[PDB]
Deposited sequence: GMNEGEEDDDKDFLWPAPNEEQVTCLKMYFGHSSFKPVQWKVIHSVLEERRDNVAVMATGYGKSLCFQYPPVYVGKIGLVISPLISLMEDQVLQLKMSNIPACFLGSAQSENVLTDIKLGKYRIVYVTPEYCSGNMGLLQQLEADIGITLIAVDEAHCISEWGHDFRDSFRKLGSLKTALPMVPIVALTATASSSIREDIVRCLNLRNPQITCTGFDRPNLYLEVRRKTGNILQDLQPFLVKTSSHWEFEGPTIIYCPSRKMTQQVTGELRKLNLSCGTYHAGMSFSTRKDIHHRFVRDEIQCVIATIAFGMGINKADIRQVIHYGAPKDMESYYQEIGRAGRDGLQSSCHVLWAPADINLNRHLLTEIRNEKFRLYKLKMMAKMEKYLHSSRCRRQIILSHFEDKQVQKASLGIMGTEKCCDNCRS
């Protein structure tokens, strides 16, 4: 494996602020830049998946195409890029003609587009590659599904020289093969970023049948006022449970924001941004709240109800402690929550992924009932080459998990 040169490291520091590339980030970046190779990267939350597709077009001064149906989330990525002096935009049906002319003139490094727009404008994409050059096409599977990827199968046929970086939130081997055939990838480099988040203390406790009684141990009294220790996310299995929990917390005059897909994108965006600006201390959310939170100091994550499955749990708690400081992740559960989760696993159309999720769910109930190290149970899914000294140094201590405490 080759090392990045001074031009490469200086570009990383100037436009991204990082002094070094993480091992898997450099494997993906180098393979796209030098070998023009398709990549499939199994991405664990918190690693740094964005640099894999944002950095290459910035370094070569060309276009990087980012595909996702989530337009609602593209503004924050575009706005963040423009703040780091990286020209970026959203390209769509409702975009002005002057933005499209500026894309054709090579004024934008990162162009965010939907799968739907791609399908209807393949000729524009071919013109863009011939005249300007497309460094890469990035596709996040977590942002979508096979029906949305069916429109993207013509990408490798129309742009054979443009490498595709497909990012996925699951280690499922059948999903990996589905994304390879859906996008017609050619000899893709397969990488994975599974890692321990050692600054996350883990704890599981049983629900008492009373919301305030369950959440009271997490609250501190600052002079006379009840509040959380720091920025907190409470995950609920339903929109109705987010409303119940919020209503109870507001009886204590706690600074809250509810977040779920029943609220408009405008109301949701408002809650998210109030959390980032620290105007609200707690966000009570369904799993709809998670992607691109852009909050480094989440101190506490509470799953108010058993998590759907072990893999989902691993990904959701990864939104805590992005600053590297001490954070806590608590699960509050009852055996009746498990009965409910089981029924929702039959509503998976891929029987190969449904069985994968069923093994992940069986691991979840074992994890919840266990007397063993929580971190050891989660890390038992990774190869030893990914478990480092920092993780071993934390396991067996008070800062690891409830079962490692005395």
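Engineer: List the gaps, meaning deposited-sequence segments with no CA coordinates, ordered along the sequence.
Structural biologist: Deposited residues absent from the model fall in 1-14, 159-165.
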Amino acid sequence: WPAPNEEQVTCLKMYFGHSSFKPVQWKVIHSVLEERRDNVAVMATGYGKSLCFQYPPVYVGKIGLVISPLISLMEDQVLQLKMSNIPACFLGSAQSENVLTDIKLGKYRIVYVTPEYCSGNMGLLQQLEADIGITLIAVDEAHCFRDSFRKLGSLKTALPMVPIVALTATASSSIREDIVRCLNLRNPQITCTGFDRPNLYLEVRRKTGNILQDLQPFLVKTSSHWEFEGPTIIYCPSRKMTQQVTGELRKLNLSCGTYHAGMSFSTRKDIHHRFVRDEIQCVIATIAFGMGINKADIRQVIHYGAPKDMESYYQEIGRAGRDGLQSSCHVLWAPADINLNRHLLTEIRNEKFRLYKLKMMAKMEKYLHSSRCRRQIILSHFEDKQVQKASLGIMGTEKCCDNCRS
From here on, numbers count along this sequence of modelled residues.
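Engineer: Out of 357-365 and 338-346, which one has CA B-factors that are higher on average in the deposited record?
Structural biologist: On average, C-alpha B-factors are higher across 338-346.
Engineer: Between 394-402 and 17-25, name whichever shows the higher mean Cα B factor according to the PDB entry.
Structural biologist: On average, C-alpha B-factors are higher across 17-25.
Engineer: Highest Cα B-factor in the PDB entry belongs to which of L215, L254, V301, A158?
Structural biologist: In this record, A158 carries the highest C-alpha B-factor of the candidates.
Engineer: Could you say which of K269, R186, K295, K240 has its CA atom at the highest B factor, as listed in the PDB entry?
Structural biologist: In the PDB entry, the greatest C-alpha B-factor among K269, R186, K295, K240 is found at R186.
Engineer: Can you work out whether the C-alpha temperature factor of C282 puts it in the lowest, middle or highest third of the chain?
Structural biologist: Within its chain, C282 is a lowest-third residue by C-alpha B-factor, going by the deposited values.
Engineer: Going by what the PDB entry lists, where does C373 fall on CA B-factor within its chain: lowest, middle or highest third?
Structural biologist: Its C-alpha B-factor, which the entry lists for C373, ranks in the lowest third among residues of this chain.
Engineer: Mind checking which third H143 falls in for C-alpha B-factor across the chain?
Structural biologist: Middle third, going by the recorded CA B-factors of the chain.
Engineer: If you rank the chain by CA B-factor, which third does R319 end up in: lowest, middle or highest?
Structural biologist: Its C-alpha B-factor belongs to the lowest third of this chain's values.
Engineer: Using the temperature factors of the C-alpha atoms in this entry, rank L125 within its chain: lowest, middle or highest third.
Structural biologist: Its C-alpha B-factor, which the entry lists for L125, ranks in the highest third among residues of this chain.
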